[PDB]
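# Examining the three-dimensional arrangement
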Amino acid sequence: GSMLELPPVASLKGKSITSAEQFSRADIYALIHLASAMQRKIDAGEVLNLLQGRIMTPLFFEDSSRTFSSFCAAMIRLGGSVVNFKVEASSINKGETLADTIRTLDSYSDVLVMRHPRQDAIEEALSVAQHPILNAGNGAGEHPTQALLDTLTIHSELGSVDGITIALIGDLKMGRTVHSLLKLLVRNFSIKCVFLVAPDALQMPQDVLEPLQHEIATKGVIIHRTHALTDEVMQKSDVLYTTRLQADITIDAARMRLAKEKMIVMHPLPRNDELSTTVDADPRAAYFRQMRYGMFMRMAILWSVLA
Amino acid sequence: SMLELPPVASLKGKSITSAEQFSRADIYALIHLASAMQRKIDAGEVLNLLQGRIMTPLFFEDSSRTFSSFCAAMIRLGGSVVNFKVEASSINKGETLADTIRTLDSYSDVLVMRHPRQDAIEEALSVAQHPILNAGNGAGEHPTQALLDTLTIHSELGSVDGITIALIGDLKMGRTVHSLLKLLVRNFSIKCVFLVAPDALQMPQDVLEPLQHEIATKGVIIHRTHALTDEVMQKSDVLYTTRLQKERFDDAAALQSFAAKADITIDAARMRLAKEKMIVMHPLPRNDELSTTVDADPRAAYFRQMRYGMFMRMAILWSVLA
Amino acid sequence: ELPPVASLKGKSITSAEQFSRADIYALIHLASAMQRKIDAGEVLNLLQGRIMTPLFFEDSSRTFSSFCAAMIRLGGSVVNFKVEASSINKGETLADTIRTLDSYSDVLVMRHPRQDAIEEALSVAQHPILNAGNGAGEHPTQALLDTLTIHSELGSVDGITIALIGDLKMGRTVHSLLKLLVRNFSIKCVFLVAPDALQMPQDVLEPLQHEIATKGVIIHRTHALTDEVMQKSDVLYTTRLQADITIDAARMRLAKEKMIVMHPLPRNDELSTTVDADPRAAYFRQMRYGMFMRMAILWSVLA
């Protein structure tokens, strides 16, 4: 896509990303279009130099394969650079506080990408940092860029987000990904139906559902709770989005015989047994492609924040 | 550009081991270069001076500032970093330090080394062909900390000559204060140094004795205290404090440290006695010796200090590798 | 300039068996060309915007660092993935980990303690994988750089007498080197110097038996560095065991003038530091040849 422009999404300039709530529908589509243009240029072999001389520092206080690697790769493919700071090798072992660690990396960097097991640690970091912080996961709170890349996956695979029926399956209580995704979808799209598929003990929290209650009612979004992947959930869902425990909810090839032809199976990953390897060969299995869409969404995000 | 960012010629191709190796002219040249680096980077300019050159960090101790600032400085000059980790290396298979140095020296343009043995730097120099920069050698030295500390004093106060500085905390084990005292006394006309520490953690004789000539020649006043007395607070232009390395605490250091701890803590209450214009510095990391109540004070320079460190390390890397 | 070796384009590197003599010389000439340019201070931009991800499930100093340095010196970039800080801790399978890094990267460099792990990785990855060591199997790029070292230091590879010394049973470097040399060169003699319990495996020797016979390669086993091995060998290639076989200055008094000592490293006491100052000690130079061979390989794969 040599003649394609890469206009940054202006609303994101210089801003930290903490919640799916911060995005408008217009922002999301602008990011989607920007991510697709990124994908076309990169896949054609174009070299981008947009962020030369800019530094991202990862601040991962919990493990990560996709989010860490995707953000590093995205920065590099924009022409930016990464300082490979490791918490386990740092002055935190001599009692340095979180706030002083943030100030330290903020001294050298243009953007910080932070994942932390405490839900309020992001707000603490924002209180002392001069540069933008991107929330890569805050305890069982949110994972806002996962929601963005999930929505890019749905859009790219199915062609439309408005009108879908989506099942959110698994550990909904502790699942930061489904918290952000439900917020992003309900606030900004005309979703037909959401199945919330989980054991009662792991159901979607009231602190996610209640803020959405007014929009759910006014937009007429149907919310249906189940504790199993019933035939109804299988037959009606355009998207099955499943998650790992942080029940009769396993997705395997046998279960997929009930699914419609035009639908996708998604999973933020990593997975355990809830999503069988028997599904991997199915054209409807989108969870590996989902990871690559993440890299391009993170390119669109980084360029928009730092342009 | 040779107008804007001339390298400090004296540093070309040379290892940096000690604050002793620098002259006054070298230090001012680095200071002016670091200020030019800051100007350019803060204006958004992208530098390509070190494209194709590689720095490899070789950290055998933890670090937040020194590792990250060297990496960032290398990147901001257009160079690159090989992220070698000691814990994932052939050291686990019995590879010697010397062979490890030879290995990384095979691929790199500069090595940045921190090691818990004071003599490890010399051992590495004995086999490396490329420059090694000492990022801290046991309780010996931290020469680039001293350079960035001096940039900080110069930039914040306007002058290094004539200052009264208190060095506070674990002076015995503090590689940063060893290098800073050497750099300052050898190359500037310091008015007075307060050495503020429990007796067991005082500044070592191996640091003070070689400096006695410069101290006499320049008439530097040296006073030991075990407290931030009203006199230290009223007279100091720079309070440079450090963390007690309590993980090293025969029982005298622990007991004397505890006895002195409140007297050597800087907090908002103690700052009421400080000069209107002065700075508080700390190489970091800090623990409770430097209270968060001081962080909002304009005199708190220890966060700015870290950014000055990045620019000083750009000045250093560019001068070594130009 | 720097023409890539066309036969390597887009291919994974798994075994010394996959290379022809023409491939090896092309890689040697390209690596020497890159050395000339890099040593002259020239900056290469051949792989700007391309990413290598190292995936090391075993320790490494040379292979990891040399691959990263090689990628960087071609203008490429590295995503610094660590097994210990990854989702493997949450039960992620090797297959899924490969799929994950394959989503972001242009090339994966993989070392793993299981011999069959590289094949498993190949079965799911779309981008090339370079085998940086697969259990006690092979280490194909070590063999390539070893051969560059012999060429550059001695001038001919055909016609040499080479001793392979140490733990030949478990040594993936000697497995690959024996394959690469016997398949593609006319070697005069190989001394296999090892305790009986650690001798070169039959699963390495038997596939080579036809080549050995048709090229008339002499194969001798010893359990010690005898005077004959020391006097006749053009290359002493020694390895770490994971008295009779130690190389030190005393033993070097028996070596010919025109020979080299090599060691893939790391070493323990089997190669004394007393040898290090000898002009014949090539094992440090060998590491630098490795960086340039890896530049030649990465460029040829990704061109």
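Residues numbered from 1 in each chain as written, not as in the entry; some residues may be left out. Chains lettered and ligands numbered in written order. Heavy atoms only, no water. Residues with missing side-chain atoms left out of burial classes, pairs and counts.

Moving on, we get to the overall build of chain C. What chain C contains, in helices and strands, is eleven helices and nine strands. Taking 2.2 N^0.38 as the reference for a compact globule, 303 residues should give roughly 19 Å; the C-alpha atoms of chain C span a radius of gyration of 19 Å, in line with that estimate. Expressed as lengths along the three principal axes of its C-alpha atoms, the size of chain C is roughly 55 × 45 × 40 Å. (Helix = DSSP H or I, 4+ residues; strand = E, 2+ residues; numbered from the N terminus. Rg over C-alpha atoms; globule rule 2.2 N^0.38 Å.)

Across the contact, 26 residues belong to chain A and 25 residues belong to chain C. Summed over both sides, the interface of chain A with chain C buries roughly 2,300 Å², with 48% coming from carbon and sulfur. When the buried area of chain A at its contact with chain C is split by residue, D63, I76 and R77 of chain A rank highest and sum to 24% of it. Remark: the boundary between chain A and chain C carries five salt bridges. The interface formed by chain A and chain C includes 15 residue pairs in polar contact. For the side of chain A that touches chain C, the secondary structure elements donating two or more residues are helix 2 (66-77) and helix 10 (289-306) of chain A. Broken down by element, the residue count for the side of chain A that touches chain C peaks at eight residues, all from helix 2 of chain A. Counted by class, the side of chain A that touches chain C contains nine nonpolar, seven polar and ten charged residues. (Contact = heavy atoms within 4.5 Å. Buried area = accessible area lost by both parts, 1.4 Å probe. Salt bridge = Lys/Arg side-chain N within 4 Å of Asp/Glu carboxyl O. Polar contact = N/O pair within 3.5 Å; in protein donor to acceptor, adjacent residues only side chain to side chain. Nonpolar A, V, L, I, M, F, W, Y, C, P; charged D, E, K, R; others polar.)

Turning our eyes to something else, we now look at the sheet that holds strand 4 (residues 133-138) of chain A. Residues and elements named next belong to chain A. The strand order across the open sheet formed by four strands is 2-1-3-4, and the pairing between neighbours is parallel. The open sheet terminates on both sides in strands that have one partner only, identified here as strand 2 (81-82) and strand 4. Bridge analysis of strand 3 (residues 111-116) against strand 4 gives five bridges, and the strand direction is parallel. Among the inter-strand pairings, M114 is bridged to a residue of strand 4, identified as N135. Against the sheet, helix 3 (residues 98-106) touches strand 1 (55-60), strand 3 and strand 4, its axis set at about 155 degrees to strand 3. (Pairing = 2+ DSSP bridges. Axes fitted to C-alpha atoms, helices over the stretch in contact; angles between N-to-C directions.)

Residues and elements named next belong to chain A. Annotation of chain A at the domain level lists domain 1 (1-142 + 294-307) and domain 2 (143-293). Of note, the centres of domain 1 and domain 2, computed from C-alpha atoms alone, are 25 Å apart. Across the contact, 37 residues belong to domain 1 and 26 residues belong to domain 2. Between domain 1 and domain 2 lies a buried interface of about 2,800 Å² when both sides are counted; carbon and sulfur atoms form 58% of it. Linking domain 1 with domain 2 are five salt bridges, by the criterion used here. One salt bridge connects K183 with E21, and the closest N-O pair in it is separated by 3.7 Å. On inspection of domain 1 and its partner domain 2, the count reaches 22 residue pairs in polar contact. Mapped onto the side of domain 1 that touches domain 2, the elements with two or more residues apiece are helix 1 (25-43), helix 2, strand 3, strand 4 and helix 10. Top element by residues in the side of domain 1 that touches domain 2 is helix 1. It accounts for ten residues. (Domains from an automatic or database assignment.)

What follows concerns the interface of chain B and chain A. Across the contact, 26 residues belong to chain B and 26 residues belong to chain A. In this assembly, chain B packs against chain A so that about 2,300 Å² is buried in total across both faces, 49% of it on carbon and sulfur atoms. Considering only the surface of chain B that becomes buried against chain A, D62, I75 and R76 of chain B emerge as the three largest contributors, covering 23% of it. Our count for the contact surface shared by chain B and chain A stands at five salt bridges. Taking the shortest distance from any N to any O, the salt bridge between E247 of chain B and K94 of chain A comes out at 3.1 Å.

This brings us to the environment of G171 of chain C. Secondary-structure assignment places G171 of chain C in the loop between strand 5 (161-165) and helix 6 (172-184). Spatially, the C-alpha atoms of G171 of chain C and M200 of chain C are 8.6 Å apart, while their sequence positions differ by 29 residues.

This paragraph deals with the sheet that holds strand 1 (residues 51-56) of chain C. All names here are of chain C. Sheet architecture is open: four strands sit in the order 2-1-3-4, paired in parallel fashion. Looking at which strands have only one partner, the edges of the open sheet turn out to be strand 2 (77-78) and strand 4 (129-134). Note that strand 1 and strand 3 (residues 107-112) share five bridges and pair parallel. Bridge pairing links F56 to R111 in strand 3. Most of the contacts of helix 2 (residues 62-73) go to strand 1, to which it runs at about 175 degrees, and overall it touches strand 1, strand 2, strand 3 and strand 4.

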